[PDB]
Amino acid sequence: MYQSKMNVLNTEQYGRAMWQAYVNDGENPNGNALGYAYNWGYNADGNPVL
Amino acid sequence: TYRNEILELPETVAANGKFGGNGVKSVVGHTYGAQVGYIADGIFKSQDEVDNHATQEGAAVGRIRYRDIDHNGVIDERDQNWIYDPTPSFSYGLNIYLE
Amino acid sequence: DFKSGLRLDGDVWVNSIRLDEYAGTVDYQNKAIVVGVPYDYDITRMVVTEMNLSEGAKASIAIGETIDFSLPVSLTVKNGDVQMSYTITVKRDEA
Amino acid sequence: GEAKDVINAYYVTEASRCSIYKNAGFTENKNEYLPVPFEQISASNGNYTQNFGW
Amino acid sequence: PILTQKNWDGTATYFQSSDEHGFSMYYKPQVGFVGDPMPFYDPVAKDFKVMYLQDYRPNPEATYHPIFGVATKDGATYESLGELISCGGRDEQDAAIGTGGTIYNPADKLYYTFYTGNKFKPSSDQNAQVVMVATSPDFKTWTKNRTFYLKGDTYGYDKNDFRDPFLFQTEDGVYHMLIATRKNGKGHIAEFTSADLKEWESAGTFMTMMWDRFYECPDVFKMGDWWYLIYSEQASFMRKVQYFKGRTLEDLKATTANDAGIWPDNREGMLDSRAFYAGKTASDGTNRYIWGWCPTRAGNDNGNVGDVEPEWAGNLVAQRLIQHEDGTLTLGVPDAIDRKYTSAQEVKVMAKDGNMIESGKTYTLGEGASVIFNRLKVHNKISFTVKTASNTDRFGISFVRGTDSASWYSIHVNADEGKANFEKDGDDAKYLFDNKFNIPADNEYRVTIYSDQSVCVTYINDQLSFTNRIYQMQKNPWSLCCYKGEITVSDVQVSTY
């Protein structure tokens, strides 16, 4: 049996990671052009939240 | 346990670093297959930390901070040192048989 | 153990729509819905009469609302956590 | 010889329409030639001289 | 790991600072840039819900102007509400969204916002700009009214020039919508009247323009006893915010009726330099605040102002309108911004090059004298008083001024020309732009600079307002220089937070 199964991102986790990368770079996450559409805003401190 | 070392080596072999050093430094006098790289001193967590650290290209908040080895104030290809040694401290085994 | 629970099944097809008393031809390759009118119809007030999409599929455009179709209108069909976009256009049977 | 000026003007102009040129910069007497490879310099010890500016 | 800290206080050498992706005081979202502001006072929450357009440096081809909103009740703290009005489809008329206005109807308890959809690559028979409306029940979710399409060509106005619907309700209770359109080749501010904000009647031409220019984002309001029209000039040569004054609405309309050019004051109604645009105002009932955007610079260079016109979008800047007894208007620092600065930084001298002398807290500078102070911080508030020998002196404040700095960026208050000039000193000797203002007759100046990272706003004795984009300014020394006259500086205070 295969025990050392590497944990890779699922679809939702992949979308969340790409959104995080886009907002950290300051680019528009909706410009990902991979079919993801993000509803996101900011918290009190101004940090982006998804 | 064991210790490995390379004592002499042809100049071109030391230069291209097929036996270690990544082509940056000669492996002579070091373990076979040892590698040379930068040193990661955590990550930046504030613009104050970015400014106080020695200048390096691409530094920003949340990026890896590389140590200034030679204290020249700038991070470049000379800020590298031996970081990898592919020789275990010791290897052990134990077999238990109960009847 | 690995599934994200994001319900990706989500059929989002559009069967047909009827603006007033006129049906619309649907092309899925470019996601377009073309409706023809007899070259004099008032294309500024049309009530979306019927629109059948799928089971569990919700559209941004509701049923019974009036719309100006002078220009193409974007429609989003959402099922679960997936969506599909269509462009609805109305043409006055120009010859 | 106008490589420095032309390249800097190009960087400034095209940084708007390409985001890769945000941090671009051309050095006056270093980047007009590729450096002699460090591997080759190490191999020929005391024979190869790196280009100016490196 | 051991962290090494450089001696910031004690070294005047020029340093390469960097700007954070988001600002706090002069708000700028961590993603994208703020474009034309849209101030609005919420009668329910009793705050300022200023909205704007989210610009991006690599804009998409067709559908590029999402609308975002931010609440700034004080004027200094900004909390973002996320995207409000999504840009339309590629083929829709609202692919790109222009500036607009907003009203709240208590009759149905609904917020109505009016914006300008810009058709992408419009055809000859297709209107390039169309006014649309979106409704919200709680200012959180918005639904665009698909049945409303106010075409410019319907009422004989320009198809391609129909922008900036400004909304306001008079005392009688009717609503007026103002469009900066073009009629038969002339700039016309046209008015549409309504009583329910669903049907509109064209009430002719509200006002005309001057010297075939174009007005951007017009805004009509009342301040005590005067009716003012604030507007932004589209002309590339000017590209600056001006205003008009009038005792009554009829007086304001009759102003420059046919190129009369009745300027509110001796400075042609100027309010700020090219670093301030799309100024639009709103009131909470006790103060009037105008919001604009300080532009960014191409290749983040202070000297690259940009010919013809500056760059678009930037940092959201809020200023407080000051109404004088003669009806003249000036810009002042908001009280919240002023009170935010609490910590006080000791000042000290780093350079002594001119014939200047130091006497306690008071310094005296002659011709060619310049004094360099210690480093600044990410947020700075520099306040001092300058007395000149006469009314024809040329002193100035220079930023990015290190001991080794080849070039520094200076603002010179030239009394002989009676203005201020933003120029690049050092080894460029380049003049960038200027701003005219009233020269005090007592040769006294109260200079106060409020700076957030790279955006600095200078106020001169409650009379001159001057916005600037100065990169590398934070964590760098600043200097005072004199060129022709004799000056005396005192009460130098630097505060940070």
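So that you can tell them apart, the chains are marked A, B, C, D and E in the order they are listed, and the count of residues begins at 1 in each.
In this text, contacts are C-beta pairs under 8 Å (C-beta built on N, C-alpha and C of every residue); 3 or more make two chains touch, one makes a residue touch a chain.
Going by UniProt, the chains are E = beta-fructofuranosidase.
S.K.: Looking only at C-beta pairs that count as contacts, which pair of chains has more of them, C-E or D-E?
M.R.: Per the contact counts, C-E leads.
S.K.: What's the farthest chain from chain D if centres are computed as the mean of the Cα atoms?
M.R.: When every chain centre is compared against chain D, the largest gap points to C.
S.K.: Calculate how many whole Å lie between the centre of chain A and the centre of chain B, each centre taken as the average of the chain's C-alpha atoms.
M.R.: Once rounded, the distance between the two centres reads 32 Å.
S.K.: Please compute the C-alpha centroid of chain B, do the same for chain C, then give the distance between them in whole Å.
M.R.: 60
S.K.: In angstrom, rounded to a whole number, how far apart do the mean CA points of chain A and chain D lie?
M.R.: Chain centroid spacing, chain A to chain D, equals 36 Å.
S.K.: Just how far, in Å, is the C-alpha centre of chain C from the one of chain A?
M.R.: The separation of the two C-alpha centroids amounts to 29 Å.
S.K.: Please set out, as single numbers or ranges, the residues of chain B touching at least two other chains.
M.R.: none
S.K.: Chain E (beta-fructofuranosidase): which residues touch two or more other chains?
M.R.: 58
S.K.: For chain C, which residues are shared contacts with two or more other chains?
M.R.: Touching at least two other chains: none.
S.K.: Okay, what are all the chain pairs that touch?
M.R.: Every touching chain pair, ordered by label, is A-C, A-E, B-D, B-E, C-E, D-E.
S.K.: Can you name the residues of chain A that touch chain E (beta-fructofuranosidase) in the complex?
M.R.: 22-23, 26-29, 31, 40-42, 44, 46-48
S.K.: What residues of chain D sit close enough to touch chain B in their complex?
M.R.: 23, 38-40, 42-43, 45
S.K.: Which of the residues in chain D end up touching chain E (beta-fructofuranosidase) in this complex?
M.R.: Result: residues 11-13, 15-17, 19 of chain D touch chain E (beta-fructofuranosidase).
S.K.: Which positions of chain E (beta-fructofuranosidase) touch chain B when the two form their complex?
M.R.: The touching residues are 1-6, 15-18, 20, 378, 475.
S.K.: Any idea which chain C residues touch chain E (beta-fructofuranosidase) in the complex?
M.R.: Touching chain E (beta-fructofuranosidase) from chain C are residues 44-45, 65-68, 70-74, 85, 87, 89.
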